[PDB]
């Protein structure tokens, strides 16, 4: 009934991948209970830092990456959901189901990656466990893992970045190609497709 119709909660930042030093490591900034409440209210007063955020809904967790002032992630994770912020839910600035892409204004305190113009094919995928995985670029939107591994290790890292040797953003991870559960390749939204969307 119209009186009982519910609304989906906001995407909530629950942590980040720390890339500031010599060692990449995941940090949690909010536990599951506070995540649930923040998803319902859409208010998040937690300080945001860094480039790669770990984000969660009521039912899914995944990554979001700031590039050029936009926090980017995948539609198959976020749908059309708002993101929680200090002053309430923030509506998406970009939505493209055809690219599996959404974006919101980058949160206050985040740092953005610079879009890559190197034209290099030696990439690095950053996962939600702060693994830095070498990937050889194989096309506009595909790359092969130098060391294949079970897809389990990539699950939950959609929205994470592929970076060039210089640390620029080359793309946003969206899907894994596997054979008998072993990830051999990845698909990503290229930064140029983001830059067009911008």
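Positions refer to the first chain, counted from 1.
Higher mean CA temperature factor between 189 to 197 and 2 to 10: 2 to 10, per the PDB entry. Higher average CA B factor: 42 to 50, of the stretches 42 to 50 and 151 to 159.
Per the PDB record, residue ranking by Cα B-factor puts residue 172 in the lowest third of the chain. Ranked by C-alpha B-factor against the other modelled residues of its chain, residue 166 falls in the middle third. Among all modelled residues in this chain, the alpha-carbon of residue 128 has a temperature factor (C-alpha) in the lowest third. Among all modelled residues in this chain, the alpha-carbon of residue 67 has a temperature factor (C-alpha) in the lowest third. Residue 55: CA B factor in the lowest third of modelled residues in this chain (values from the PDB entry).
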